[PDB]
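Take a look at the structure below.
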Amino acid sequence: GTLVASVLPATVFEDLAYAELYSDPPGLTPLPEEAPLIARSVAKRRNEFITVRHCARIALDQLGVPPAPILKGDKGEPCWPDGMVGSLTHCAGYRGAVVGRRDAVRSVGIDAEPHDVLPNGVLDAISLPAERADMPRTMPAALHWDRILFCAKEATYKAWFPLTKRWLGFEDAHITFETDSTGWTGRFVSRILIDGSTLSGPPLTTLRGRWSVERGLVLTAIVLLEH
Ligand SMILES: CC(C)(COP(=O)(O)OP(=O)(O)OC[C@H]1O[C@@H](n2cnc3c(N)ncnc32)[C@H](O)[C@@H]1OP(=O)(O)O)[C@@H](O)C(=O)NCCC(=O)NCCS
């Protein structure tokens, strides 16, 4: 239950919490207030939705937030409790939540991916030329740098959207990577190439994150601090 800790910072760790699961536990019914969000959904969506919301409430509870419904807002963003921020993700074999206190943490974005190739047609749609040239030179050959780049792009959108309420395209952020000498973890910086105007606080120009590959999964997390 600690895979996502591999991408969280020590700077604000006291004001963060996380919860993850690797399958959908039986006997979970949706909260009534949340059931409308999946009323028309296929079973696989209904089950992961319920599991991921379960993780969110577990993590929120660790920070002293009483369990409650988490509704869906502008463009599908989760509606966190007052004073809280967070991000949610699922893929085959992963469901996870990371949350933080807004006094310490301005935004969170996470993503989980299978550590598998992407098709070369999806690569150009999700990358800049500079990323396709640079990431090979910064990442050991054993890693699926196409998939890790994509994971970081998704973490970037999720950290961005709640602060801007604007689209961020695959071509609107240039992501540069570093690999730790261990070769399965590292850091990235997402450089925003468009207007970074936010609803409050300073504009978004650069979002720093972490990445990890373990147990056939990529994880990324961005944790923007309140300054
Ligand atoms: C929205 C998106 C990022 C979700 O990622 P995903 O890999 O499809 O799915 P994940 O399981 O990792 O994430 C899903 C969760 O993201 C969260 N999410 C959805 N829309 C969101 C938004 N606008 N802002 C923040 N979080 C959002 C939700 O909690 C959702 O799960 P829920 O519906 O169960 O609440 C993705 O589907 C998408 O639309 N991407 C396009 C935007 C983009 O990536 N731009 C590139 C920026 S450099």
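Just remember, in the structure tokens the first chain shown is A, the second B, etc., residues are 1-based per chain, and ligands are 1-based in the order shown.
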
With a cut-off of 6 Å, could you pull out the residues of chain A touching ligand 1 and give me the nearest pair of atoms for each, distance in Å to one decimal, using only C-alpha atoms and all ligand atoms, ordered by chain and ascending number, as CSV?
```
residue,atom,partner,partner_atom_place_in_ligand_line,distance
A:49,CA,ligand 1,34 (O),4.5
A:75,CA,ligand 1,23 (N),4.6
A:76,CA,ligand 1,20 (N),4.0
A:77,CA,ligand 1,21 (C),3.7
A:78,CA,ligand 1,29 (O),4.9
A:88,CA,ligand 1,29 (O),4.7
A:89,CA,ligand 1,11 (O),3.6
A:90,CA,ligand 1,11 (O),3.9
A:111,CA,ligand 1,12 (O),4.8
A:112,CA,ligand 1,12 (O),5.9
A:153,CA,ligand 1,48 (S),4.0
A:154,CA,ligand 1,44 (O),4.2
A:156,CA,ligand 1,48 (S),5.4
A:157,CA,ligand 1,47 (C),4.3
A:158,CA,ligand 1,25 (C),3.9
A:161,CA,ligand 1,24 (N),4.8
A:162,CA,ligand 1,24 (N),5.7
A:168,CA,ligand 1,47 (C),4.8
A:169,CA,ligand 1,45 (N),4.5
A:170,CA,ligand 1,46 (C),4.1
A:173,CA,ligand 1,48 (S),4.9
```

Selection above as a file: N, CA and C atoms, as a PDB file, in the first residue's frame:
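Saved file selection_39.pdb follows:
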```
ATOM      1  N   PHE A  49     -14.463   3.358 -10.003  1.00  0.00           N
ATOM      2  CA  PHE A  49     -14.963   4.625  -9.434  1.00  0.00           C
ATOM      3  C   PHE A  49     -15.151   4.458  -7.914  1.00  0.00           C
ATOM      4  N   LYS A  75     -15.566  19.891 -15.628  1.00  0.00           N
ATOM      5  CA  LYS A  75     -14.724  19.050 -16.520  1.00  0.00           C
ATOM      6  C   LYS A  75     -14.279  17.785 -15.786  1.00  0.00           C
ATOM      7  N   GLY A  76     -15.081  17.308 -14.832  1.00  0.00           N
ATOM      8  CA  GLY A  76     -14.897  15.986 -14.187  1.00  0.00           C
ATOM      9  C   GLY A  76     -14.002  16.012 -12.951  1.00  0.00           C
ATOM     10  N   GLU A  77     -13.504  17.180 -12.572  1.00  0.00           N
ATOM     11  CA  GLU A  77     -12.581  17.363 -11.423  1.00  0.00           C
ATOM     12  C   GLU A  77     -13.323  16.942 -10.151  1.00  0.00           C
ATOM     13  N   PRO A  78     -12.664  16.221  -9.227  1.00  0.00           N
ATOM     14  CA  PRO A  78     -13.329  15.897  -7.962  1.00  0.00           C
ATOM     15  C   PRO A  78     -13.521  17.141  -7.089  1.00  0.00           C
ATOM     16  N   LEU A  88      -6.698  11.763  -8.071  1.00  0.00           N
ATOM     17  CA  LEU A  88      -7.183  10.369  -8.131  1.00  0.00           C
ATOM     18  C   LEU A  88      -6.695   9.700  -9.415  1.00  0.00           C
ATOM     19  N   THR A  89      -6.472   8.395  -9.399  1.00  0.00           N
ATOM     20  CA  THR A  89      -6.055   7.694 -10.637  1.00  0.00           C
ATOM     21  C   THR A  89      -6.390   6.213 -10.539  1.00  0.00           C
ATOM     22  N   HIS A  90      -6.635   5.594 -11.675  1.00  0.00           N
ATOM     23  CA  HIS A  90      -6.729   4.114 -11.738  1.00  0.00           C
ATOM     24  C   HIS A  90      -6.108   3.688 -13.053  1.00  0.00           C
ATOM     25  N   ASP A 111      -0.801  10.316 -11.600  1.00  0.00           N
ATOM     26  CA  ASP A 111      -1.267   9.370 -12.624  1.00  0.00           C
ATOM     27  C   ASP A 111      -0.601   8.018 -12.390  1.00  0.00           C
ATOM     28  N   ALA A 112      -1.333   6.960 -12.671  1.00  0.00           N
ATOM     29  CA  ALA A 112      -0.809   5.583 -12.724  1.00  0.00           C
ATOM     30  C   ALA A 112      -0.986   5.025 -14.139  1.00  0.00           C
ATOM     31  N   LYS A 153       2.424  13.874 -18.323  1.00  0.00           N
ATOM     32  CA  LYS A 153       1.472  14.808 -18.970  1.00  0.00           C
ATOM     33  C   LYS A 153       0.109  14.769 -18.246  1.00  0.00           C
ATOM     34  N   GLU A 154      -0.383  13.586 -17.895  1.00  0.00           N
ATOM     35  CA  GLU A 154      -1.704  13.407 -17.232  1.00  0.00           C
ATOM     36  C   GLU A 154      -1.621  14.005 -15.822  1.00  0.00           C
ATOM     37  N   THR A 156       0.296  16.331 -14.914  1.00  0.00           N
ATOM     38  CA  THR A 156       0.380  17.797 -15.162  1.00  0.00           C
ATOM     39  C   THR A 156      -1.027  18.395 -15.339  1.00  0.00           C
ATOM     40  N   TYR A 157      -1.868  17.859 -16.222  1.00  0.00           N
ATOM     41  CA  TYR A 157      -3.249  18.356 -16.446  1.00  0.00           C
ATOM     42  C   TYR A 157      -4.023  18.427 -15.115  1.00  0.00           C
ATOM     43  N   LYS A 158      -3.956  17.355 -14.343  1.00  0.00           N
ATOM     44  CA  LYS A 158      -4.695  17.249 -13.066  1.00  0.00           C
ATOM     45  C   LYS A 158      -4.212  18.275 -12.025  1.00  0.00           C
ATOM     46  N   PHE A 161      -5.504  21.894 -13.785  1.00  0.00           N
ATOM     47  CA  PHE A 161      -6.910  22.269 -14.105  1.00  0.00           C
ATOM     48  C   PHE A 161      -7.600  22.955 -12.920  1.00  0.00           C
ATOM     49  N   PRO A 162      -7.542  22.436 -11.676  1.00  0.00           N
ATOM     50  CA  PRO A 162      -8.261  23.054 -10.548  1.00  0.00           C
ATOM     51  C   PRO A 162      -7.836  24.507 -10.267  1.00  0.00           C
ATOM     52  N   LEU A 168      -5.347  22.308 -20.959  1.00  0.00           N
ATOM     53  CA  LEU A 168      -3.892  22.209 -21.181  1.00  0.00           C
ATOM     54  C   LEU A 168      -3.697  21.023 -22.112  1.00  0.00           C
ATOM     55  N   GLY A 169      -3.249  21.312 -23.342  1.00  0.00           N
ATOM     56  CA  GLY A 169      -2.953  20.288 -24.371  1.00  0.00           C
ATOM     57  C   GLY A 169      -1.611  19.606 -24.171  1.00  0.00           C
ATOM     58  N   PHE A 170      -1.408  18.464 -24.843  1.00  0.00           N
ATOM     59  CA  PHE A 170      -0.136  17.705 -24.833  1.00  0.00           C
ATOM     60  C   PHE A 170       1.012  18.590 -25.351  1.00  0.00           C
ATOM     61  N   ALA A 173       2.773  21.897 -22.616  1.00  0.00           N
ATOM     62  CA  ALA A 173       3.735  21.647 -21.510  1.00  0.00           C
ATOM     63  C   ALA A 173       4.890  20.830 -22.053  1.00  0.00           C
TER      64      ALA A 173
END
```

If you count only C-alpha atoms, which residues fall within 9 Å of residue 147 (chain A), apart from same-chain ones fewer than 4 positions away, as a PyMOL selection string?
chain A and resi 113-118+123+143+151-152+218

Can you tell me which residues surround region 201-206 of chain A at a distance of at most 12 Å, considering only C-alpha atoms, apart from same-chain residues fewer than 5 positions away, and format the answer as number ranges by chain?
A: 106-107, 156-157, 159-164, 166, 168, 172-176, 188-196, 222-227

For residue 210 (chain A), list every protein, DNA or RNA residue within 8 Å, evaluated using only C-alpha atoms, and leave out those in the same chain fewer than 6 positions away; present the list as a PDB file with N, CA, C and O atoms, in the first residue's frame.
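Result file follows (part_31.pdb):
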```pdb
ATOM      1  N   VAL A   7       6.764   8.618  -5.046  1.00  0.00           N
ATOM      2  CA  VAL A   7       6.707   9.884  -5.842  1.00  0.00           C
ATOM      3  C   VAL A   7       6.205  11.049  -4.997  1.00  0.00           C
ATOM      4  O   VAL A   7       5.888  12.113  -5.561  1.00  0.00           O
ATOM      5  N   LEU A   8       6.208  10.932  -3.676  1.00  0.00           N
ATOM      6  CA  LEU A   8       5.775  12.065  -2.814  1.00  0.00           C
ATOM      7  C   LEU A   8       6.980  12.744  -2.174  1.00  0.00           C
ATOM      8  O   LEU A   8       7.958  12.103  -1.821  1.00  0.00           O
ATOM      9  N   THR A 185      13.531   5.513 -10.650  1.00  0.00           N
ATOM     10  CA  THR A 185      12.841   6.669 -10.041  1.00  0.00           C
ATOM     11  C   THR A 185      13.549   7.930 -10.493  1.00  0.00           C
ATOM     12  O   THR A 185      14.737   7.874 -10.865  1.00  0.00           O
ATOM     13  N   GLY A 186      12.863   9.047 -10.411  1.00  0.00           N
ATOM     14  CA  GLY A 186      13.470  10.317 -10.805  1.00  0.00           C
ATOM     15  C   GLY A 186      12.507  11.466 -10.695  1.00  0.00           C
ATOM     16  O   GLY A 186      11.448  11.328 -10.040  1.00  0.00           O
ATOM     17  N   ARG A 187      12.851  12.556 -11.372  1.00  0.00           N
ATOM     18  CA  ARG A 187      12.158  13.842 -11.213  1.00  0.00           C
ATOM     19  C   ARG A 187      11.830  14.328 -12.615  1.00  0.00           C
ATOM     20  O   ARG A 187      12.530  13.951 -13.555  1.00  0.00           O
ATOM     21  N   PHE A 188      10.846  15.198 -12.714  1.00  0.00           N
ATOM     22  CA  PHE A 188      10.538  15.883 -13.975  1.00  0.00           C
ATOM     23  C   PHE A 188      10.131  17.290 -13.627  1.00  0.00           C
ATOM     24  O   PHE A 188       9.782  17.559 -12.489  1.00  0.00           O
ATOM     25  N   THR A 220       3.334   8.847 -11.328  1.00  0.00           N
ATOM     26  CA  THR A 220       3.822  10.234 -11.246  1.00  0.00           C
ATOM     27  C   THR A 220       2.984  11.041 -10.260  1.00  0.00           C
ATOM     28  O   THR A 220       1.791  10.790 -10.089  1.00  0.00           O
ATOM     29  N   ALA A 221       3.614  12.013  -9.612  1.00  0.00           N
ATOM     30  CA  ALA A 221       2.925  12.934  -8.703  1.00  0.00           C
ATOM     31  C   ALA A 221       3.575  14.294  -8.815  1.00  0.00           C
ATOM     32  O   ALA A 221       4.830  14.406  -8.807  1.00  0.00           O
ATOM     33  N   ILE A 222       2.705  15.289  -8.887  1.00  0.00           N
ATOM     34  CA  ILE A 222       3.052  16.708  -8.733  1.00  0.00           C
ATOM     35  C   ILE A 222       2.427  17.171  -7.434  1.00  0.00           C
ATOM     36  O   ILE A 222       1.222  16.951  -7.259  1.00  0.00           O
TER      37      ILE A 222
END
```

Who sits within 9 Å of residue 21 (chain A), only C-alpha atoms, same chain under 3 positions skipped, as a count of residues only
10

All strand (DSSP E) residues (DSSP, backbone) inside chain A, as a PyMOL selection string:
chain A and resi 16-21+84-91+94-101+105-114+173-179+185-192+206-214+217-225

Which residue out of A:120, A:182, A:138, A:29 has the minimum interatomic distance to residue 54 (chain A) when only C-alpha atoms are used?
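Using only C-alpha atoms, residue 54 (chain A) sits closest to A:29.
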
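Each of A:214, A:180, A:74, A:15 was checked against residue 60 (chain A) using only C-alpha atoms; the smallest atom-to-atom distance is that of A:15.
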